[PDB]
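**Q** This one is an experimental structure. Sequence first:
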Amino acid sequence: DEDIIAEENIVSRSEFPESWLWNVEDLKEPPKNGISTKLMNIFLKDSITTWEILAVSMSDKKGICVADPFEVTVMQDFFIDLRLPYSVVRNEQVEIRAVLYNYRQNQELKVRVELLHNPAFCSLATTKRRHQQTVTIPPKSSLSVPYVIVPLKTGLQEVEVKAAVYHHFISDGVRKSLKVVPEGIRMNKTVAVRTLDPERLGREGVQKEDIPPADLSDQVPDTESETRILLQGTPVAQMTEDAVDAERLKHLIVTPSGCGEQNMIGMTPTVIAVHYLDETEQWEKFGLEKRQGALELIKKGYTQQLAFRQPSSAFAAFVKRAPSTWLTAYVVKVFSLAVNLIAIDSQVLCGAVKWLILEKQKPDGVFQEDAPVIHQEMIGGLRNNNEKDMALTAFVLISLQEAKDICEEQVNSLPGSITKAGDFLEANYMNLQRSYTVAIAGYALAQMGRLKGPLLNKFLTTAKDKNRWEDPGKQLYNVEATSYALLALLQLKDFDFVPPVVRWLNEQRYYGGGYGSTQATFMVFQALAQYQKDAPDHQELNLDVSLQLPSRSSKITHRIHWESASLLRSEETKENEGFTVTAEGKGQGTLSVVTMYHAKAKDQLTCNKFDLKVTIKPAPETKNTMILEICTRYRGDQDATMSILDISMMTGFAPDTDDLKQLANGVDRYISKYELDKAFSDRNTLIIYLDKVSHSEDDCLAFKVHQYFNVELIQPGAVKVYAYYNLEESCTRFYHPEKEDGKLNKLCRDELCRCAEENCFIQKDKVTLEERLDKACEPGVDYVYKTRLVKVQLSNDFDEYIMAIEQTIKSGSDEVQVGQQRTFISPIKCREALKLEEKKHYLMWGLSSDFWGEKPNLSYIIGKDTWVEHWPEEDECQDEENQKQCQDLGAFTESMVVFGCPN
Amino acid sequence: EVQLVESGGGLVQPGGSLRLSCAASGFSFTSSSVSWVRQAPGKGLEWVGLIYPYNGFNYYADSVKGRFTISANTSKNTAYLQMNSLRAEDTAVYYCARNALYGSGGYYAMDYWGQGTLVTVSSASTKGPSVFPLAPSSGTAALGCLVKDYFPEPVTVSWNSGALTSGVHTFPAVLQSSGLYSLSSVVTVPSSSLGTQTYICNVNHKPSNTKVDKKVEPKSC
Amino acid sequence: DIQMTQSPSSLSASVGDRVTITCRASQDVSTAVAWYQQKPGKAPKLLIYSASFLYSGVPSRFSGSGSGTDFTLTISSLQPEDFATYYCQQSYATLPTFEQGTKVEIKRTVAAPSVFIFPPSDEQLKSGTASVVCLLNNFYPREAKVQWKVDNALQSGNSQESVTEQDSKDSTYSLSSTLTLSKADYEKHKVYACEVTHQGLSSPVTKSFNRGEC
Amino acid sequence: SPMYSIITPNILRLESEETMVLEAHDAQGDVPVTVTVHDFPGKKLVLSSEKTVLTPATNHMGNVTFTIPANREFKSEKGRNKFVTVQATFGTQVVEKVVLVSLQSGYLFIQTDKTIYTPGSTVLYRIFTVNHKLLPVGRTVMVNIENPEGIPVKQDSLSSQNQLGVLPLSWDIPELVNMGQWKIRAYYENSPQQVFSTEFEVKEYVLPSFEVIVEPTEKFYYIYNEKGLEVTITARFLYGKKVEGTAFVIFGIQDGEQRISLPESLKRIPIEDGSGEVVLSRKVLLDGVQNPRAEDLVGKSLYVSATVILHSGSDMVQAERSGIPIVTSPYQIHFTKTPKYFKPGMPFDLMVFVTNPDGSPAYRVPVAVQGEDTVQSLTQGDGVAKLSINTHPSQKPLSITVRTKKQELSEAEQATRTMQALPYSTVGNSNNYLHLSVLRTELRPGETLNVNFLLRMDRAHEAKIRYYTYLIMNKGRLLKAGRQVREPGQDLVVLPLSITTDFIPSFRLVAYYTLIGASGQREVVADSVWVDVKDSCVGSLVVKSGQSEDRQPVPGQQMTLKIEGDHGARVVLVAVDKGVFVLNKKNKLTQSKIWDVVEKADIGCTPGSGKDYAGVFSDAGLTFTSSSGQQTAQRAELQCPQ
Ligand SMILES: [Ca+2]
């Protein structure tokens, strides 16, 4: 038209990001008034809204700082607000609103508003027909323009509406996108739940695993399928069963007091309690400033203990008594372990060691006792008279081995007193019934690196149930023998047999102290203290899992380590394939397989919460008028509270103001004054507010609609119901005078749908020979047949016309041979103008875009570019009128058969 | 087609009143607005005022506020300028133009204009012109017409009902010491065209109903 | 208030030349400016709107540009038909205003006048007054000296002139000089002469008639 | 005889500088000092650097500046608390103290471009890396994006070296993904227990065309108010113009996690000129609950829900306003700004903090001590009123009940709260004290604060006090320590202390003196005081228009943006469509949110004072230890008491 901007010259607004300006800028120019200043030139985006700009600044000296948000409002006097949903289902008709605004103060605007045509969408906008309304928007006000469209192609898709205003150089357009999606929904599912633990039925040949694929035979076509693995690390890793509680050892801090042996009885639980708490870092809970007072009980025990130091560097009960062999060795063990805690004298420790090697050793190296203690309960399992030259050789030796890191050059022939003592016990290691003498000798051996073979086996197998070195009778000797053994197992670096031994000690909870517990205390809290040191810091969880997918070219040998704080991964498959998943060595972990697909629908999509029924019919006696009737009820025998009916007019129709006010005055029904006070022509959307609706009956209402503007085609109307508290669970029906279910003419079967709003076949005056030969050679034309209609088969959705092929004037992609049959397809509404009759012959040609089907699901669509035309019978041709035609067909067939198209 | 037409211009006594009208056609009056601009003899354009026909909203140049007024009949797509307390310095040609809104935020250009009407604010009396032949003096022969002693402006001279437009020169009027205007309209024609062609000059003076068609030819003597 | 200033008030230039009239604002006015052209005795015409958008119909040689405080109309290849005055109009600010305007004059080669003389009408004599006209047709430049000799006696103070507005096609001016005596005075003297002085004439051209006799 | 002392913070932090104050009282000539720091238990030296000599020149007071590396025996060993051993060696005399070490390195703040996101879009985020001074560091951070149910999905490891402490990162949200509250979790490599979070919502949505605001006339509901709860609904387009439409409002009670709705209260008001009013009647509320005791509603809250639908039907939005407290009094009394200890014989200045039920400071609110009338001071802009109670030398605790006394209220509506103040016990019952007094007016870096030192010691030995040693704690560390000198007979002296930006957000002034007199006793007397400062930026940052403002730009248009920051400072930016915040406004980075974090990480716990000198140091987050045996208690707690 004249005096308005043309659609082609309008460039639609497009840039509508939710966030932008993700930029960095350094302030460089000099500080006037101690404040730098940068001028930034930004390009505002297309969104008509208010932006909020947030600046955070970082400085070396003044640090971090966060500005107050700064608003910017972008605005126009006239614009379109295209209200698109987040997504829409494919082949599902939907209505969208374009809202036009006129913020001019004293001036109506006459606008032409237009929906552009997009192949992805079936609408009244078509290839050769625009869809344009003309509306008048009052000042300081807006106007809804509805558009019914059916998305046909999946994925991210685009809608464009534009608008020019007459009599002004003013235009607008909005180009937004929406996600078109299939049906179904998302399904998590696991295939395997394994445990990657070698040396536990994974065996010596490093656990080799196999995990087959997913089934996925109920799947809906043309979607993704992402597998997801969960490679966990459920950790008892750091093989460290929780240490003994710190609150239980409160009775161990004993103030040492007595003679020469009673002083060493009291000093035992205190010194070992410190050695324990030092490594386990449990000084927080027990009492931190108590260590400075508990160290002074050991310094009090040490300073008192040197008062019983005889001239020859030896120890005993009193100074008057002859010296004991074992007691001087135990003093070296407690002093060697307490070198780190208190100030020991150099003359004292190695001095007690010099006396032992020179004075107390026999030909073969049995450190025999010379003065048995009065308090014999202190020496523990040695108190038993059975084999007290085998254990007694090992005990004194252990004191030498722990004190060897310090005493080297002073005690000259120390290497030698260790080798010969290690001969006597090693040789006679196979002559020990009791588990005590087996174990106490076993720790002495392992410190040197001489515990191998049958002597290393007898050590392992003496343990009853593979954990504890028990003996018949008193159970304090049982706990002592095993703790010596745990010190042996820690030195060997055999982390296979370590866990079961300590696990039993944790289920004993022997807190020491009491009476006759000297050795059971010193050894259990030393062995479980040395355990926290040498027990693996990071253990392992060392699986080399190599996943080989036959879709993929290469393996993916994923490493696993207890160190990375994740312990989880995930791949992303594209095709459902069977793959190997081979583990390797140590640790533990989960191993799931979760694909994700879309299934078929099941018949309860649509209107889950409401029933909606809408009809439009002609009026009674009295230009064009009709009776819209809306019938709705909720779902569940329990009236819904407060609902909305959002109605939209068929183009050119408007509601009867009289019938509306009649409705609004009715109880349980409300229509805003704003809607009622509006003009007749400027009112094509409507909201009727209901107070309730149940599933007892059906709540029904109806009202007159009058056609004021006259137009061709005319877009269906729409009624949408929902409760106020939930828009998402809605239900919409459409209405139209000549379509019912106001559905736009589409052509659906199986997956996809053709927009069928176009003309049925190529229309019709001349039908020249020179006409047919042009249009039969138009670009797309991929076939021209002579066909006999074998069997006509009708339906409501689409009529299946079966054609027999007489001759193939032109062959194309479909390699049909003469005599064979091909199925032609046409919508419900084309049958009227087609008149396809059985055993009547036909001349048909059409495009490659008309092939619906895979192969041999081949069908022929009789679309707008398809040409069909009647061919009188061979003997029927001989007749006055229709001789003109019959000849031109045969004349056309020979031009086509002989010369074909010039292309 | 969009087109605008002013009318009602003429002579007024100082202090007096006058109502110009502007006939809009070819567009919806209600969706647009109309401006009155004026031009003093041989000087710049001065915008006078808007009207928004939709709801009758006005704006006025200070030079006119309290004196001038714009109204509209929306059914007859006409706008009106009612002038009161007219001064000497209000003498001008008065145009009406359509305001079209190009930008955003209410900027407008004026894309269609009427032809304008001349309003002249003087004590003087309406006087019709005396029209005299300017005879050609026996290859190109000039002839013309003298339009003498008239007031106020304007006069419109044309030749043979506007058939002859080629090489005509209707000169500016000139204010005689008497107070009345006189101008010449001259037209050069090929001297051969005399005798055969007829030459009538078509003076028309709206303010005094004076219409004259004078023939101009050589003499007998 | 918002102060606008158009420069230059007037400019001369030759056919095919680059012309540039400018408009300047006291504060920022964004894109709210339009340019108009007005031929003599005619309604103005829109050329440019929104600073730079060329109004439909207007030739491509017309071109607008500018933003904020400085705007320029530009005629790139001047033409004879572009004899006009040009105005700059702002719609920023609540009352619009046209500015003072730039008168654009065409510059062409020297063309001498065709001089003509018309004696008083016999009808005009009946009124008791004699008007004798002298027509200097289609000449460049404007500068001209017309002198009336009555029986060779020269006389000031009893004649008036009217210069035509520069022609849109050939960029020339016509002129009419009118001498006014009383019927009585006119019937006294005999030889009436109009004398034309101009740059395109080698020497002053004189046109005349002897009263009564043909 | 000479006394050597050390002061350090109660908690020492890794990699950052922590200062140690060194003093030599009754000293003679130059005295060298070695400051050592060892691990605990057992000693392998970690920083024995920093040797210094406090000289007569500087009144025998100096300091040492040291830093702790995150070495081998601290990194892996965590779970149970770590300690070190600070040790000063003044000439020959050794003084030591064990101090709890925190593994907290500094601070991480996480900005996300939006607060909400759809499937398929990209989440943009920056991580700001600073130390305990809120100054940028160049460390190595570990980052974890985490789905709604706590499963990591993307993980990163980068360093902000040569970075100005700004780490730009992103993550493409996959299409078929879970819907809910996702998290970003960043922590310093060295401090896996100190994890910083930020939530972002994922959801399928489209930006609305307008916002809706729901405001009640009062910020609470007084249960005997029979007018009910009066709400106003405002709708407004994002661009500014007012909205026309219909509003459905509903009310509901919330007891903790539970949320009763009140269907009887549902209304359908018109929205005209972007405005509408609705009321919750008292009957509908009380007939909505099964407990007849109006009074059983006190402590529970009310929430309003508003749903505005435009007249076109083209769009609708939902807003709500929750946590409207049901109350018996319009006010709320807090003792969180008052010291819990007093000095017997001196007036106890009880700092009453009155607030409205939402937490905001009250104003012009009378408060009286129960028993006395008019003993009041209408609360000021800060929300605090001062009530100064006289005390006797008795060591009986002060039990104080405060009441508001707002005139037009009735007795039942007056707010009331009680407290107990414990006495500062003197050493050997010397009855010698130090009282610091400071005035309460919001401080800004530029103005100056008078600090008053009142020497409350009996005449016979006062001439021995020749200085007070004062220390200033800010941002959880030692900001400054100095000396306010004193001369015999000066019972009160004022230190003119100047405020700088280093004093933001707040600070504690701890001071003390020492002597012998009341017996042959090395006596120590101390006091502390907490003082709040205006929580502005250290520097400044402001964004505004250079675009000759007053115009309103248009889509596509250029504009100029003025940034007013600190010289040589980096500045990062974002622009968000405010429609985003109609849907979600949680987890927005703010300057007050940075300070809130900082002040919650203070090692000082008390508003001031203490139960004794050791208590004063400890409560303000300071160790004290001396060669003569006097020291603060052991602090093994990384968190404040409760
Ligand atoms: Ca503060």
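**A** Okay, I see it. Numbers count the residues shown, from 1 in each chain, chains lettered A, B, ... in the order given.

**Q** Over in chain D, which residue gets nearest chain C? Let me know.
**A** residue D:548 (4.4 Å; CB to the nearest CB). Heads up, the C-betas are built off the backbone N, CA and C, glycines and all.

**Q** For the residue nearest to that residue when sequence neighbours are not counted, grab the count of nearby residues.
**A** Once flanking residues are discounted, residue D:548 sits nearest to residue C:28: 4.4 Å by CB to CB, 6 or more residues apart in numbering or on different chains. The number of residues packed around residue C:28, counting by other CB atoms under 10 Å in any protein chain shown, is 15.

**Q** Could I get the contacting residues of residue C:28?
**A** C:68, C:69, D:548, D:551 (CB atoms under 8 Å, 6 or more residues apart in numbering or on different chains).

**Q** Okay, domains of chain B per the record?
**A** Split into domains by curated CATH domains, chain B comes to B:1-123, B:124-218.

**Q** Mind checking those domains for the one nearest to chain A?
**A** So among the domains of chain B, domain B:1-123 is nearest, using CB to the nearest CB, at 4.1 Å.

**Q** how about the closest one, does it get close to chain A?
**A** Yes: using CB under 8 Å from any CB of the partner chain, domain B:1-123 comes into contact with chain A via B:1-2, B:26-28, B:30-33, B:52, B:54-55, B:57, B:98, B:100-102, B:104-106, B:109.

**Q** how long is that domain end to end?
**A** 40 Å (CA to CA, to the nearest Å).

**Q** and that domain, does that touch chain D?
**A** Yes: judged by CB under 8 Å from any CB, domain B:1-123 and chain D are in contact via B:104, B:105.

**Q** so which of the contacts of residue C:28 comes closest to the ion?
**A** Closest approach to the ion among those (CB to the ion): residue D:548, at 37.7 Å.

**Q** quick one: which helix or strand includes that closest one?
**A** Residue D:548 is part of no helix or strand, with elements assigned from DSSP states H and E.

**Q** just residue D:448 next, same as before
**A** strand D:448-456.

**Q** That strand - contacts with which helices or strands?
**A** Where contact means 3 or more CB pairs under 8 Å, 6 or more residues apart in numbering or on different chains; DSSP states H and E, strand D:448-456 is packed against strand D:433-437, strand D:492-498, strand D:506-517.

**Q** And the next helix or strand past it?
**A** That would be, after strand D:448-456 and using DSSP H and E, helix D:459-462.

**Q** what's whichever helix or strand comes after that following helix packed up against?
**A** Going down the chain from helix D:459-462, the next helix or strand is strand D:467-474, by DSSP H and E. If you count contacts as 3+ CB pairs under 8 Å, 6+ apart, strand D:467-474 packs onto strand D:17-25, strand D:477-485, strand D:506-517.

**Q** and the ones you listed as CSV, adding mean neighbour count and distance to residue B:213?
**A** CSV is the format used below for the helices and strands packed on strand D:467-474 (neighbours: other CB atoms under 10 Å in any protein chain shown; distance: least, CB to CB, whole Å):
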stretch, mean neighbour count, distance to residue B:213
strand D:17-25, 21, 110
strand D:477-485, 18, 107
strand D:506-517, 22, 103
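
**Q** Mind putting those strands into a markdown table with distance to chain A?
**A** Listed next are these as a markdown table, based on distance: least, CB to the nearest CB, whole Å:
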| stretch | distance to chain A |
| --- | --- |
| strand D:17-25 | 15 |
| strand D:477-485 | 14 |
| strand D:506-517 | 16 |
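
**Q** Identify the farthest-apart pair in the contacts of residue C:28.
**A** C:69 and D:551 (13.8 Å; CB to CB).

**Q** From residue C:84, how far out is the residue sitting nearest the centre point of chain C?
**A** Per CA atoms, centre = their mean, the C-alpha nearest to the average position across chain C is that of residue C:165, at 2.9 Å. Distance, residue C:165 to residue C:84, using CB to CB, to the nearest Å: 10 Å.

**Q** ok, now residue A:80?
**A** For residue A:80, the distance to residue C:84 - CB to CB - is 40 Å.

**Q** Also residue A:611?
**A** Distance from residue A:611 to residue C:84, by CB to CB: 73 Å.

**Q** Looking at those two, which is more packed in?
**A** residue C:84 (23 against 15).

**Q** residues in contact with that one?
**A** Counting by CB under 8 Å, 6+ apart, residue C:84 touches C:37, C:38, C:39, C:104.

**Q** Please report how far it lies from residue C:90.
**A** For residue C:84, the distance to residue C:90 - CB to CB - is 20 Å.

**Q** How about residue B:109?
**A** 10 Å.

**Q** on that earlier part again, could you redo the helices and strands packed on strand D:448-456 as TSV and give each row distance to chain C?
**A** Below are the helices and strands packed on strand D:448-456 laid out as TSV (distance: least, CB to the nearest CB, whole Å):
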stretch	distance to chain C
strand D:433-437	57
strand D:492-498	45
strand D:506-517	46
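
**Q** re the thing from before, pipe the domains of chain B into a markdown table and attach distance to residue A:52 and mean neighbour count per row.
**A** Listed next are the domains of chain B as a markdown table, based on distance: least, CB to CB, whole Å; neighbours: other CB atoms under 10 Å in any protein chain shown:
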| stretch | distance to residue A:52 | mean neighbour count |
| --- | --- | --- |
| domain B:1-123 | 22 | 19 |
| domain B:124-218 | 62 | 18 |
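
**Q** Could you identify the helix or strand that succeeds the helix or strand where residue A:784 lies?
**A** Assigned by DSSP H and E, residue A:784 belongs to strand A:781-793. Later in the chain than strand A:781-793, the nearest helix or strand by DSSP H and E is strand A:798-810.

**Q** and the angle from that next one to strand A:781-793?
**A** Interaxial angle of strand A:798-810 relative to strand A:781-793 (axes from the mean of the first three to the mean of the last three CA atoms, to 10 degrees): 140 degrees.
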